[PDB]
Every structure is written in structure tokens, then in C-alpha cells.
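Here the Cβ is made from the backbone with ideal geometry for all residues, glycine too, and neighbour counts use every protein chain on show. Every number here is computed from the coordinates shown, using simple stated rules; none is lab data.
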Amino acid sequence: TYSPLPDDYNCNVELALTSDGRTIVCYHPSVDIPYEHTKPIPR
Amino acid sequence: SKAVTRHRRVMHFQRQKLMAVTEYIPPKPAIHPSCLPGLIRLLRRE
Amino acid sequence: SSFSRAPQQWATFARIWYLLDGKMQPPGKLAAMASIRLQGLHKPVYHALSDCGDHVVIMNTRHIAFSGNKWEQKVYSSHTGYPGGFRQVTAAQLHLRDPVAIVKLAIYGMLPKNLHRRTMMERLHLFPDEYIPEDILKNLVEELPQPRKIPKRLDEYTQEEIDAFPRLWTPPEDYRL
Amino acid sequence: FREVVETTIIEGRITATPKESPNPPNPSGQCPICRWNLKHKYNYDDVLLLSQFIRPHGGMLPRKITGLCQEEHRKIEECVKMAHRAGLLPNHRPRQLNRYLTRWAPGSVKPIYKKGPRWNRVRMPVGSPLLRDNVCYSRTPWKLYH
Amino acid sequence: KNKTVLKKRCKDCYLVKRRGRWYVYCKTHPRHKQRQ
Amino acid sequence: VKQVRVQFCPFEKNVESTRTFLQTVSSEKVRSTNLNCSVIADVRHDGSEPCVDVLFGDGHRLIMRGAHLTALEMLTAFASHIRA
Amino acid sequence: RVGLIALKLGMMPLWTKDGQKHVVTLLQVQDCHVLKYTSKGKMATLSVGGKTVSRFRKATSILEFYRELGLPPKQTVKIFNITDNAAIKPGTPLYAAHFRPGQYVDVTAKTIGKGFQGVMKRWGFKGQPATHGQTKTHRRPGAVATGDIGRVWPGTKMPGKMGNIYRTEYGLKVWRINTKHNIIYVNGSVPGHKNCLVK
Amino acid sequence: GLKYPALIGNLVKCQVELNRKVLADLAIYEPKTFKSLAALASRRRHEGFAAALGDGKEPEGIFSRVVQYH
RNA sequence: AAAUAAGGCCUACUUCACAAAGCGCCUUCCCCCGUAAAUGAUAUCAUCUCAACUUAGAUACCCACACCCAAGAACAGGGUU
RNA sequence: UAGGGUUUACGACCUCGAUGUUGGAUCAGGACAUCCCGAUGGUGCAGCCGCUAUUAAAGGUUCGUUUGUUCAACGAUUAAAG
Ligand SMILES: [Mg+2]
Ligand SMILES: [Mg+2]
Ligand SMILES: [Mg+2]
Ligand SMILES: [Mg+2]
Ligand SMILES: [Mg+2]
Ligand SMILES: [Mg+2]
Ligand SMILES: [Mg+2]
Ligand SMILES: [Zn+2]
Ligand SMILES: [Zn+2]
């Protein structure tokens, strides 16, 4: 549930660690623009 | 200039630094005690 | 991502418009933020030769609040060409006669002292009231967080929070105040 | 809080009972601040604590009736002055511009037409000197002079 | 007058802070209106 | 500036407001202003002792009381009313 | 109210009932018509003309503007700062009857330009003496200003083009007016040479 | 949503030595990488604050605990 | 009513003439911070405020070839019915 | 105890392969430790004539006889000849 930064733009945040603790891993899936966060092309 | 002068001679940079670092630091009371806790016999006889 | 060469360049080197508001806030932090946004420092590709910047629009410049007693201390003086024209006007008088000058001079002095200062100033706009032209209004995009937090008077804390706050002492029941 | 009624007959009435909270947090103290643990955790923005020490018309209350300490009394007085100057007490008047964190009056400070050099610049006063022991919540000290 | 050490030679004198400085007014003897 | 009817007696809650009002400017010092005044008091049981019935020469009928009124405020009010 | 644009003919004296000489000027109100009207600048404005200049040595834009309206093209066009109350329609005349005696009316116009004059005639300097012991100093300006200051105070009195500029005169009483020839007799002199348009 | 001194300190307090040139290049051409780095820096800052407040006992920060060498 | 400094003029007066100049004539308008006063507390007296609030407390000129000129060294400007 | 470098010096630090030396003429820029026009407190202030302390420099600051001398004496002015 903890989140160091708000995952509402660019991508999410998921800091991971290996069993040996020697290499850090992450998972930053890109965020998709919702359908209700746009405007109709005026003409 | 001479050693002794009528006015206050400007001390050297290192001298001023040493004088400022060697200043007096009084204690810091964590609580301060400010916020902590004959003839009358003759009068009584009369 | 992809993005062709010319479109990607035009997008990464585009000019964005911002909006700032005063209303019981200091002018120093506002001018600093305006200069930071105009010089392009906020972007990761900041440089003078690149000529990167962003328009800054400030509204409600008449409700600026100074700290301490700067209203009767800060003297915005300016000497003219002819002799004896040494004008020494205070902050209160300058604001009463021109409410769109304090933040202007602040941002003029904050920006670097190069030839780009005039261009960065022209890129900025000011308005002493809520009325803003339609073009600028349509140009505005997003709204960065405000500087000050506003102290909030007693007529906004609601009765709930007031009752939640307990008392601290007991005046005599027969006190004439 | 009792009031003096007048109409010529001049009477009086008693109203508004104190009724303090039941269980204080830090009993066995002197001033209310020491009992509530707020010697260095309060400013001028929290007008809720300031309103409990101001007359109905804006005036101040004595120390013997409140029980605050001399230093605490002066601090509360300065905070009330700053709040009144900032316009945070519109319902406490005697009968254009915006200010806050002030120490002098608007009709007293003269315009600084001449400011000395860096080694003798007449800095402007900000805040108050009786609020230096407040928690900094940071690393840079309170800049009471610009 | 411009007196730094504001004295009170008379009994009716009293110190009061006014106009960014202290003054010494007196009704019975107004010969003490000093200035800082 | 005529006769005044001040009263006090151990009956109700004993408040020294009227006592202080009777023992103050009402002494011999200010009495020199009006020679034919002769302020008198009483000690009758009734209730609400501070019944200072100040009778003005013009016919104003000023009264001050009492159960929740100090002495300084009463004295200041009396002085203000006498000064017109 | 709207003003007039007359022509400074000449000057003549005029004695009052008290037996005293009082110089009076001449102002001929010729045509004087309104060109257009513009609402809110700081206040309403109105344009007024004067003499009738030939419509051959003018700009095409001016010719078109004056053709859209009646009358021929005028010489000058002085804009007056009038209020929103009085608003006369363009194309109306304004004779000398607009003003009446016993009224103070201001006048402004150019002045007899003396060209790039020297120093004395331009500012009234005393110059230098004739002898003891001048050799080439009689009308030149001596010192500029101080010595250490290696500059020159802007606006310092120096040789320049005297006159040939608009200057207004305040406080000029009117004595008599004419209706037939539309002449206005104003007290005191008036800036500008003879046969010169004045606002 | 971070500062340069605290960010650099948190990055140095994780055995992740990275010069400024690579950091700027990533921030310019890799916003997600810099976002993840800032998240890790904020996490390290919070862990250090919690440790200094409670002296650990006995978490020692899941991200802290440098890898010893010999 | 007179002068001071500034803005204009030759119709009366002069140097003088197809002009210009003064000795000759017309005009010149806004408060300035230094004080004295209601109402009350720290300091339930009293008290002008480096506490809250009230008293003596911008108007003006402007922004459509070629001949003569009161416009001008040229340039430029005004008129050429 | 604080401010002055305007008088007399004191030191010779670039300026003796050059900074032309005082008054007096036109022009004056600035500072107030303010002579006068504006406003106050006191006074050995019954009023003017006076004295003192604060602000205000937007303005004014004469005509002449002598000695080469700013300075130096004298006659008459205006509120003042700083
Ligand atoms: Mg001569
Ligand atoms: Mg000769
Ligand atoms: Mg030498
Ligand atoms: Mg030499
Ligand atoms: Mg030599
Ligand atoms: Mg040489
Ligand atoms: Mg002075
Ligand atoms: Zn305490
Ligand atoms: Zn006295």
C-alpha cells in the first residue's frame, strides 16, 4: 500500500530487491491516458 | 600601528574566528525551574 | 514513443504557459518562481543558447502581502536624466499609483543580467484583477501549487474544529472583562 | 464573563461559564502553556489559541487573571498584535493593504532612503525577537532580519 | 529638545512611546517635551 | 449631588463593593465640594445591599448596583455622571 | 464644450470704461467644422478643422476621408478632450458666436521660430563684457557645470532651435465678438505669427 | 518532487555510485529511470529518518544495510 | 499694484522699417508629515496607536517636379484656387 | 562618547620626457550644522521686536567707495545679502 511517489503520471513505482540484496530491480509500467481525461476536437 | 591604541583595534581574521568559537555557552535547562514548583506573636497575644 | 525528428524536436522545444496567483502571499517567492519558469530552469534541458522558456501569467497583483514593515521601508527610487529628478517613492505609494510594478521589478532583478532579460520579461504578463483576456486564458495550462499557505482567519475554521479545540484556563465567573 | 447593565438603573449579570477540559495532559504546572505543552509549538496562524486571550473588543487580558508567565505573556501579546495587524480578527474591532509577521506600526516606520553597505546595511525587521525558541522544523534559523 | 537619557525632574512627568520614539509630556510643567 | 442612600448588612452574599464605595471619595476630602450633602447609610435587611440611590439636583435619579459590580467601575460611573 | 480654430489676423488696442489701455488680439473663425467623433481613451474626443486648403496637395487617405464627409479638406486637425455630455454630430459649423464676452478662453499655437539661435536670445544669458578683458568672448557660454563631472547635465541650457513650438496661454479675457465676420477679440497677445491657425 | 542535496545523499547511501553526467543524460532521455531513482532516494530518506527516530531494532532498513566487502 | 524666473507680441512708446529687439504690453494654477484631539488594556487609574480605528489627514501643445514663406545652416516643415 | 577632512600643518603614494597658480566675469550641480517665505513645544511668551529644538533646499541670496589679493574697513536697501 505504501507509495513513495503518486503513481498518476508517466508510469507507476514499484521498487524491488533480489534475494541476495546485491542488485536492485524495479517495475515502472507506463500509465495510459484515461478516456474521460480529454476534450473533443473542436471545429 | 602600535600595540595599544585609544580605539578598538580590528582583530585579525583568525583572531576573531578564535574569539567567536571560544565564546561562552551557558547551560540549557530542559525544563527551566520558572515553570516548576516576632511582632506577629504580640499581635496574636493582644 | 517513436516520434519523427522534426515533430519530436518541436514538441521537446515547445513553449508552455503557466498561471500564478497572489492573494495574501509574498512577492519574493512568486517572482523567484516566475524567473525559474521563464529561464527554463524547471526543465531538464536548461541552457541560455537553447533559448528555452515558458510564459508566466500572474493575477491579483493588488492583493500582495509584504512581510514585516516593508510597506513603509522598501523605497523604489529611480533617478531620471535631468538634474534634481531623484525620485524616492515608497512601496505603499508605488503600489497605490501603480499596482503592477512591484512584482515586475522583482522579476526583473531576479532574472540574469544579460540581453535575454528583456525577452524573458516580455514573455511575462501581469494583471491587477481577476479579468484576463480570452487569448491568454485559453493559453493557460495547468496551475502549479501556490507558495504561501494562507493563515486562515477565524471565520473559516468552522464550528466543529473550534469546538474540538479545548480551552486552556478558567477566568473568574464574575470578571467584568 | 459578567457584564454591567445600564438603563437610571445600573445592574449586572453573570454569563458565559469557563468550564475547562476534564483531564489536562501535563498536570502539576504553572502557566496553561506548561500544562498543555506548547511552550515552543505555537505561532500566530493558530488563532484558535489566541482568541482565548483577547477582550471582546480587541484588548488584552491581565496576567494575574490568566496565570501565564512573564515571557509567555509577552509572547502571547506579540502574537495577538501580529494577528490583529494581519486582519485575522475582524470581529474584535474598537467600535486596503495586506500585512503579516510585523513588529512595527504602519504609521511609525519611516522610509529607509539610505541603506548602508553590506558591512553596515540597515536590515529590515521581520517577525519578533521573543519567538526564537520556537521549534525550527528545519536547519536554517529564523531569519528575523532581511 | 533632543535628550537621549529622558529624565523626570518633575512628579507630573511620564514616559510615553509615540511616533517611533519616547516622549516626556507634562501638563503642570510642559517644559520637558523632550525628543529622541 | 443631593442625599444618597447607600446600604450594607450581613444578609445576602457579603460583597465589599458598596463598602468600598462608601469608604473612598465619599470621605472628608471630596465632601468639601457639597457642604449641605451629609451622605448617610443604613444597615437594614432586605437584599441586594448596593442600593446607592444617587439623587441628582436636576432630577435624574441615578442608581448603581450591585451584586456583580466592583467598586472602581461604580466610582468611575458616578464621577462620569456627576461631570455631566 | 467644443472649441474653435481661428486665424490670428493682427492686433489693436481697446479702452475700457475706466479709461485704461488694454491690448486685444484678433481671431477670425473661418468655417470651423467637426470631422468625426470617437468615444472611449480616457474621455471622449472631437476633431475640428479651420481654413480651406486646396485638395490637390494632400494624401490619398486624407482625400478619401474628407470625401466620405462633406466640405473640403481643412489645414490642421486639433483634437479636443470633451466629456460624454456635449456631443455634436460631424459636419456642423462653429462660428464666433460659440463664445461670449466676459469669459476667459485659452489659446495655443506655434511661435515665431527664430531658428537655431545662440545662447542669449535663447535663454537670456548675460554673456561676457565687451572689454576688461575679453578678446573672443561676448556671447558664448562660459562654464558648463562643475569640473570633476566629466558629463553634461541633461536639459542644460545650450544653443538650440528657439520657438517653432506649440505653447498655451492661460488667462485671457474676451472683450467683444463679431457675428457678421465671425471675429473674436481676446485680451493680451496670442502665440503664433499673423495669419496663423490657433487652437 | 525532490531536492538535489537530499537526492544525492540518498543515492550515495545505497552503494549506487553514479556521476552527474549519466544522471542528467537519463533525466533527459529516460524520465522513467530518473523517476525510479527518485522513488528509491525518497524510500532511503524515509528509512533513514525512521531509523534515526527509533534507532531501528531491528529492521535496519530493507533498502539500507550496505554490502560488505573483503 | 511692483519686481523676481518662465511662456508670447509690434497695434499704440523707442532702436527703426517692407523685419527683428526692449524701455513698450498679456499670462503663470495642486497639499507636502512637524504637530495638537473620541474610545482601553498590558498598566480594569490615567493613556494620540513602533496594538487595534477616526480629524486640518491631474490639470495642459500631440496621435491623416517647380514658386513663396512669418519654417529653415542643409535636411525638414506650411501655402501655391 | 560619536561625524567632518572645509583652516594650519603632518606623510611624499602615480602625476618635474608638464596637473598652466588667486581673485573677478557667464554658468551654476549637490549637502543642511536653515538667513527668509510653510508648521510646532517651551520661554526671564500681556503683543511685535526676541531666544531655543525638529521638519521643509520647490525659490531667493543687492547696489558701490579702497587696497592686486577670498579674507580685510565703510554708505543705503529688502524678510534674507548663510
Ligand atoms: Mg551684454
Ligand atoms: Mg573684441
Ligand atoms: Mg612619492
Ligand atoms: Mg612635477
Ligand atoms: Mg621633467
Ligand atoms: Mg606627462
Ligand atoms: Mg534640518
Ligand atoms: Zn511558563
Ligand atoms: Zn512633571
> If you go through region C:74-105 one residue at a time, how many are within 30 Å of residue G:157 (Cβ to Cβ) and more than 14 Å from chain G (Cβ to nearest Cβ)?
Replying inline: 5
> Since residue H:16 meets every condition but one in (1) surrounded by fewer than 12 Cβ atoms within 10 Å (Cβ to Cβ); (2) within 12 Å of another protein chain (Cβ to nearest Cβ), which condition does it not meet?
Replying inline: (1)
>> I'm checking my understanding of the structure. Among residues of region C:65-99 that are part of a strand (DSSP E or B) and of a type in the set (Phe, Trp, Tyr), which one is surrounded by the most Cβ atoms within 10 Å (Cβ to Cβ)?
In response: C:66
> Is there a residue in region G:143-156 that is outside any loop (DSSP other than H, G, I, E, B) and of a type in the set (D, E, K, R)?
Replying inline: no
>> With the requirement that a residue be away from ligand 9 (no atom under 11 Å from the Cβ) and either more than 14 Å from chain D (Cβ to nearest Cβ) or among the hydrophobic types (A, V, I, L, M, F, W, C) (or both), what does region E:1-23 give you?
In response: E:1, E:2, E:3, E:4, E:5, E:6, E:15, E:16, E:22
>> Can you go through G:54, G:47 and tell me which one is farther than 21 Å from residue G:187 by Cα, in a strand (DSSP E or B) and among the small types (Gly, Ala, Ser)?
In response: G:47
> Checking residue C:122 against (1) closer than 19 Å to residue C:31 by Cβ; (2) within 15 Å of the chain's Cα centre (by Cα), which test does it fail?
Replying inline: (2)
> Is it true that some residue in region G:24-36 is over 24 Å from residue G:178 (Cα atoms), within 8 Å of RNA strand I (Cβ to nearest atom) and in a strand (DSSP E or B)?
Replying inline: yes
> Would you say residue C:113 is within 12 Å of another protein chain (Cβ to nearest Cβ), charged (D, E, K, R) and out of contact with any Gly (no Cβ under 7 Å at 6 or more places or on another chain)?
Replying inline: no
> For region G:176-199, which residues satisfy the criterion of being part of a loop (DSSP other than H, G, I, E, B), among the polar types (S, T, N, Q) and surrounded by 15 or more Cβ atoms within 10 Å (Cβ to Cβ)?
Replying inline: G:182
> How about region F:43-84: which of its residues are more than 11 Å from chain D (Cβ to nearest Cβ) and in contact with a strand residue (DSSP E or B) (Cβ under 6 Å, 6 or more places away or on another chain)?
Replying inline: F:49
>> Being on the phi < 0 side of the Ramachandran plot, of a type in the set (D, E, K, R), more than 10 Å from RNA strand J (Cβ to nearest atom) and touching a strand residue (DSSP E or B) at 6+ places or on another chain (Cβ under 6 Å) narrows it down to one residue among G:180, G:114, G:136; which is it?
In response: G:114
> From the residues in region G:121-153 that are over 24 Å from the mean Cα position of the chain (by Cα) and of a type in the set (A, V, I, L, M, F, W, C), which one is nearest to ligand 2 (Cβ to nearest atom)?
Replying inline: G:130
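Quick grid of which residues meet (1) within 20 Å of the chain's Cα centre (by Cα); (2) more than 30 Å from residue D:3 (Cβ to Cβ); (3) assigned to a strand (DSSP E or B); (4) charged (D, E, K, R):
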{"site": "C:106", "(1), (2), (3), (4)": "yes, yes, no, no"}
{"site": "C:135", "(1), (2), (3), (4)": "no, yes, no, yes"}
{"site": "C:141", "(1), (2), (3), (4)": "yes, yes, no, no"}
{"site": "C:149", "(1), (2), (3), (4)": "yes, yes, no, yes"}
{"site": "C:156", "(1), (2), (3), (4)": "no, no, no, yes"}
{"site": "C:160", "(1), (2), (3), (4)": "no, no, no, yes"}
{"site": "C:163", "(1), (2), (3), (4)": "no, no, no, yes"}
{"site": "C:170", "(1), (2), (3), (4)": "no, no, no, no"}
> Considering G:151, G:100, which residue is charged (D, E, K, R), within 14 Å of chain C (Cβ to nearest Cβ) and either touching a helix residue (DSSP H, G or I) at 6+ places or on another chain (Cβ under 6 Å) or away from ligand 8 (no atom under 16 Å from the Cβ) (or both)?
Replying inline: G:151
> For region E:24-36, which residues satisfy the criterion of being in contact with a strand residue (DSSP E or B) (Cβ under 8 Å, 6 or more places away or on another chain), away from chain D (no Cβ under 14 Å) and of a type outside the set (D, E, K, R)?
Replying inline: E:24, E:25, E:26, E:32, E:34
> Which one of these is surrounded by 10 or more Cβ atoms within 10 Å (Cβ to Cβ), touching a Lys or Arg at 6+ places or on another chain (Cβ under 9 Å), under 27 Å from residue G:164 (Cα atoms) and of a type outside the set (A, V, I, L, M): G:104, G:37?
Replying inline: G:104
